[PDB]
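Residue numbers (the numbering used here), protein chains in the order written: chain A, 366 to 374; chain B, 366 to 374; chain C, 7 to 242; chain D, 7 to 242.
Before any comments, here is the structure.
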Amino acid sequence: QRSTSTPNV
Amino acid sequence: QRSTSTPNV
Amino acid sequence: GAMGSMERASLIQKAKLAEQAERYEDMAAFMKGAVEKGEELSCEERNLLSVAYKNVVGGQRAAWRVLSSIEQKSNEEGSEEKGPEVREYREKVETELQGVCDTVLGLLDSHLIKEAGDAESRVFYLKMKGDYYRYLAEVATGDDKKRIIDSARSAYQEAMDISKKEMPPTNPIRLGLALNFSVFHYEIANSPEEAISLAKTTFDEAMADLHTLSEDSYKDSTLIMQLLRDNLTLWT
Amino acid sequence: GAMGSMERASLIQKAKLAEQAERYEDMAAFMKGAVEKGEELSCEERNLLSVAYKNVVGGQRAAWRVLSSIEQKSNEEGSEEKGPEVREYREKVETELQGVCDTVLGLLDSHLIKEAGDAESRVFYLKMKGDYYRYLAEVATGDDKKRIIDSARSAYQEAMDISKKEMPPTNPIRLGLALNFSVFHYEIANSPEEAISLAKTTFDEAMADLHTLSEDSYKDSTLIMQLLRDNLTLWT
Ligand SMILES: *SCCNC(=O)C1CCN(C(=O)[C@H](C)c2ccc3cc(OC)ccc3c2)CC1
Ligand SMILES: *SCCNC(=O)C1CCN(C(=O)[C@H](C)c2ccc3cc(OC)ccc3c2)CC1
Ligand SMILES: [Mg+2]
Ligand SMILES: [Mg+2]
Ligand SMILES: [Mg+2]
Ligand SMILES: [Mg+2]
Ligand SMILES: [Mg+2]
Ligand SMILES: [Mg+2]
């Protein structure tokens with residue numbers, strides 16, 4: 366659904 | 366490992 | 007209290023919204039505000055109170071266990087000295103946990119239990135009293151560990167006595183009480199044989215009463231019965 | 007600040023403990039305290055700051071989305087009137103979210119960004135500035151929506167300009183910046199073609215530089231590249 370942003374390190 | 370208690374309704 | 011200006015019904019509505027949003031600290035604050043209006047709680051409202059605080063204390067208990075394990079390792083015979091920080095932070099989480107438990111116990115004592123006359127409400131609240139003393143017991147180490155354990159035991163026992171007199175053996179509150187008292191015996195009271203006996207007798211007596219139930223009640227009762235069985239498998 | 011009496015190193019140690027315990031509100035408070043000591047942050051410390059606040063704001067964003075969806079349904083042409091509670095509680099969560107974003111932006115402005123001279127630190131902080139303006143944009147509706155969007159865009163653009171000059175195309179900070187700027191274009195700025203173009207060019211330029219990398223760096227870069235590809239699949 367929503368775009369993926371950078372995950373947690 | 367630990368015993369199971371009553372879960373949330 | 008910061009909820010003193012909000013309508014009771016608005017507090018309950020917002021507790022349900024907070025549950026949907028997985029905002030359980032808010033949910034607990036809303037339900038505390040609802041209790042402090044001074045009226046008795048309905049079945050659904052009691053459930054909202056329980057869900058809210060169980061989720062809050064559940065996160066605290068999980069965090070405390072992680073920190074206590076790290077602390078125990080730091081104190082292993084051969085571990086590098088790391089300063090006071092692990093103990094300090096475990097103590098911080100512990101104090102917050104104890105505060106949540108004290109808040110719940112305070113609501114039960116002022117004045118939920120004393121106004122609860124029906125078996126469903128009184129057993130629910132006494133089970134809750136046992137549960138939150140049990141959570142205090144999980145972290146207790148001082149003089150008062152014994153007295154905390156006895157307080158949990160006493161609440162659970164009063165609840166058991168009422169449930170056996172007033173509820174059928176498949177009643178889900180009666181079943182969940184027995185489940186949690188059996189956990190108390192195994193995990194807190196160093197009484198695994200009592201835990202096993204209670205779980206087995208509870209399971210068998212419920213089994214024999216399932217024929218009286220509708221499909222929906224049967225689903226509710228058998229769900230908790232499976233947890234008794236799960237523990238019996240872990241314990242034996 | 008309540009962390010003003012704690013040693014910097016103790017704050018960082020406790021931030022790591024809080025992460026292990028999944029106590030991200032505590033983790034953020036510890037890292038805020040560490041930043042307010044006034045020294046620059048190391049790479050690991052910057053990561054702790056980012057992990058803490060991303061987890062905190064992530065829970066708020068998820069809750070806000072649930073409440074906004076309920077509110078939008080309550081305002082559907084045919085829905086029963088339910089009073090002000092849904093709007094009030096959405097506003098409460100929104101204000102808390104905006105407060106977290108304002109806190110992070112405040113730390114960046116006082117004084118993390120101005121002391122950050124190396125490309126790795128400056129790009130990291132400008133990306134973070136873009137991210138927290140983007141989270142403000144997600145909930146903005148008033149006059150300042152346009153200005154919030156432009157603030158996010160400006161921070162991301164400054165970060166992009168530095169990253170293209172100073173970092174190889176596989177650098178994981180450069181890749182994560184481009185990923186998040188592409189999300190900004192698609193989800194905030196009504197610019198899906200720009201989002202797609204940026205994601206594609208970023209992916210292709212990284213692909214062509216992977217041969218320069220060790221196995222461990224290759225793993226890091228390709229993980230983020232897969233997220234670009236995931237979005238390109240969603241978007242096309
Ligand atoms: S400081 C220790 C060594 N370096 C790093 O950890 C880098 C810190 C900065 N950085 C990022 O923020 C980038 C955008 C990032 C973030 C999250 C990631 C998650 C995974 O897999 C879970 C893989 C790569 C990245 C990269 C780059 C790393
Ligand atoms: S008030 C609405 C109708 N009644 C109930 O919901 C009962 C409330 C009290 N109660 C319990 O607390 C028991 C111990 C309980 C708790 C949690 C459960 C979870 C599941 O599956 C997820 C099944 C059964 C129970 C029972 C009984 C219900
Ligand atoms: Mg009133
Ligand atoms: Mg203590
Ligand atoms: Mg007996
Ligand atoms: Mg010092
Ligand atoms: Mg607002
Ligand atoms: Mg371009």
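In this text, a Cβ means the ideal position worked out from N, Cα and C, and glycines have one as well.
(request) Check distances from the C-beta atoms of the stretch 92-104 of chain D to those of chain C and list, in chain order, the residues that come in under 9 angstroms. (result) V92, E94, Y95, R96, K98 and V99
(request) Starting from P372(B), follow the alpha helix (DSSP H) in both directions and report where the run begins and ends. (result) To locate residue 372(B), count along the second sequence from 1; it is residue 7. Element bounds for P372(B): n/a, residue is neither H nor E.
(request) Kindly list, in the order they appear in chain A, the residues whose Cβ is closer than 7 angstroms to that of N186(D). (result) By one-based count along the fourth sequence, residue 186(D) stands at place 180. In chain order: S370 and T371.
(request) Could you pull out every residue in the same chain whose Cβ sits closer than 8 angstroms to the Cβ of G182(C), ignoring the five residues on either side in sequence? (result) What you label residue 182(C) is simply residue 176 of the third sequence in a count that begins at 1. Result list for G182(C): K133 and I230, in chain order.
(message) Just to confirm, is the Cβ distance from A195(C) to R153(C) under 9 angstroms?
(response) For this step, residue 195(C) is matched to residue 189 along the third sequence. For this step, residue 153(C) is matched to residue 147 along the third sequence. Their beta carbons are not under 9 angstroms apart, which means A195(C) does not touch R153(C) by this criterion.
(request) Starting from the N-terminal end, write out each residue whose C-beta falls within a distance shorter than 7 angstroms of any non-hydrogen atom of ligand 6. (result) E13(D) and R14(D)
(request) With DSSP as the reference, label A146(C) as helix, strand or coil. (result) Start at 1 with the first residue of the third sequence, and residue 146(C) comes out as number 140. Of the three classes helix, strand and coil, the one that applies to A146(C) here is coil, per DSSP.
(message) At a cut-off of 8 angstroms, would you count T176(D) as near ligand 1, judging by its Cβ distance to the nearest heavy atom?
(response) Start at 1 with the first residue of the fourth sequence, and residue 176(D) comes out as number 170. Checking every heavy atom of ligand 1 against the Cβ of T176(D), none is found closer than 8 angstroms.
(message) With three or more C-beta pairs closer than 8 angstroms as the rule, is the stretch 212-219 of chain C touching the stretch 176-191 of chain C?
(response) yes
(request) Would you mind giving the Cβ-Cβ distance between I76(D) and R128(D), rounded to the nearest angstrom? I have them listed as a contact below 8 angstroms. (result) Walking along the fourth sequence from the start, residue 76(D) turns up at place 70. Walking along the fourth sequence from the start, residue 128(D) turns up at place 122. At roughly 41 angstroms, the Cβ-Cβ gap does not stay under 8 angstroms, so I76(D) and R128(D) are not in contact.
(request) Determine the closest residue to residue 3(C) out of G148(C), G123(C), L17(C) and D115(C), with distance taken between C-alpha atoms. (result) Shown here, chain C extends from 7 to 242; a query on residue 3(C) therefore has no answer.
(request) Just the C-alpha distance for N177(D) and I18(C), rounded to the nearest angstrom, thanks. (result) Along the fourth sequence, one-based indexing puts residue 177(D) at 171. Along the third sequence, one-based indexing puts residue 18(C) at 12. One C-alpha to the other measures close to 50 angstroms.
(message) What are the residues in the stretch 34-60 of chain D lying within 8 angstroms of chain A by C-beta distance?
(response) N53, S56, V57 and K60
(message) Using only the alpha-carbon positions, how far apart do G105(C) and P175(D) sit?
(response) Stepping through the third sequence from its first residue, residue 105(C) is reached at position 99. Stepping through the fourth sequence from its first residue, residue 175(D) is reached at position 169. Rounded to whole angstroms, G105(C) to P175(D) spans 51 angstroms at the Cα level.
(message) Is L111(D) close to chain A? Criterion is C-beta to C-beta, closer than 9 angstroms.
(response) Looking up residue 111(D) in the fourth sequence gives position 105. Answer no: the Cβ-Cβ gap between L111(D) and chain A never drops below 9 angstroms.
(request) Have a look at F190(C) and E94(D) and give me their C-alpha separation to the nearest angstrom. (result) Against the third sequence, residue 190(C) aligns to sequence position 184. Against the fourth sequence, residue 94(D) aligns to sequence position 88. Going by the C-alpha atoms only, they are around 41 angstroms apart.
(message) Quick check: is the beta carbon of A68(D) nearer than 9 angstroms to any beta carbon in chain C?
(response) The count along the fourth sequence starts at 1 and reaches residue 68(D) at position 62. With 9 angstroms as the cut-off, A68(D) counts as an interface residue toward chain C.
(message) Are there any heavy atoms of ligand 4 lying less than 8 angstroms away from the beta-carbon of residue 3(D), as far as the coordinates show?
(response) Residue 3(D) cannot be examined here, being either before or after the span of chain D that is shown, 7 to 242.
(message) Nearer than 8 angstroms: is that true of the beta carbon of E31(C) relative to any heavy atom of ligand 4?
(response) Here residue 31(C) corresponds to residue number 25 of the third sequence, with the count starting at 1. Outside the cutoff, so no.
(message) Between the alpha carbons of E25(D) and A125(C), how many angstroms are there, rounded?
(response) Locating residue 25(D) in the fourth sequence gives position 19, counting from the first residue. Locating residue 125(C) in the third sequence gives position 119, counting from the first residue. If you take the alpha carbons of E25(D) and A125(C), they lie about 43 angstroms apart.
(message) What would DSSP say about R29(C), mapped onto helix, strand or coil?
(response) In the third sequence, the residue the question calls residue 29(C) occupies position 23. The answer is coil: DSSP assigns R29(C) none of H, G, I, E or B.
(message) Spatial neighbours of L114(C) within its chain, please: C-beta separation below 7 angstroms, excluding the five flanking residues on both sides.
(response) For the purposes of this step, residue 114(C) is identified with residue 108 of the third sequence, where counting begins at 1. Taken in chain order, the residues that qualify are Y131, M134 and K135.
(request) Would you list, in sequence order, the uninterrupted beta strand (DSSP E) runs of no fewer than 3 residues that lie entirely inside the stretch 114-145 of chain C? (result) none
(request) Give the straight-line distance between the Cα atoms of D226(C) and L233(C), rounded to the nearest whole angstrom. (result) Reading the third sequence from its first residue, position 220 is the one you call residue 226(C). Reading the third sequence from its first residue, position 227 is the one you call residue 233(C). So the two alpha carbons sit approximately 12 angstroms from each other.
(message) According to DSSP, is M173(C) part of a helix, a strand, or is it coil?
(response) Within the third sequence, numbered from 1, the residue matching residue 173(C) stands at position 167. Residue state, collapsed to three classes: coil.
(message) Check whether the stretch 48-59 of chain D and the stretch 77-87 of chain D are in contact - that is, three or more C-beta pairs closer than 8 angstroms.
(response) no
(message) Is there a C-beta anywhere in chain B that falls below 9 angstroms from the one on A201(C)?
(response) Working through the third sequence from its first residue, we reach residue 201(C) at position 195. So, interface residue.
(message) Does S74(C) come out as helix, strand or coil in the three-state DSSP assignment?
(response) For the purposes of this step, residue 74(C) is taken as the residue at position 68 of the third sequence. In the structure shown, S74(C) sits in a helix (DSSP, three-state: H, G or I).
(message) Taking the alpha-carbon of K98(D) as reference, which of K120(D), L118(D), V110(D) and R67(D) has the nearest alpha-carbon?
(response) Position 92 of the fourth sequence, counted from the first residue, corresponds to residue 98(D). If we check each option's Cα against that of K98(D), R67(D) comes out closest.
(request) May I ask you to report which of helix, strand or coil DSSP gives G10(D)? (result) For the purposes of this step, residue 10(D) is taken as residue 4 along the fourth sequence, with counting starting at 1. Three-state result, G10(D): coil.
(request) Taking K20(D) as the query, report the chain C residues whose CB atoms sit under 7 angstroms from its CB, ordered along the chain. (result) As a position in the fourth sequence, residue 20(D) is number 14, starting the count at 1. Near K20(D) (Cβ distances below 7 angstroms), the residues of chain C are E91 and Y95.
(request) State yes or no: is the C-beta of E94(C) nearer than 8 angstroms to some heavy atom of ligand 4? (result) Reading the third sequence from its first residue, position 88 is the one you call residue 94(C). No, ligand 4 has no heavy atom inside 8 angstroms of this Cβ.
(request) For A214(D), name the three-state secondary structure that DSSP assigns. (result) Locating residue 214(D) in the fourth sequence gives position 208, counting from the first residue. Here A214(D) sits in coil by DSSP.
(message) Under 9 angstroms, Cβ to Cβ, is there at least one residue of chain A near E211(D)?
(response) The residue labelled residue 211(D) in the question sits at position 205 within the fourth sequence. For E211(D), the answer is no, since every Cβ of chain A falls outside 9 angstroms of its Cβ.
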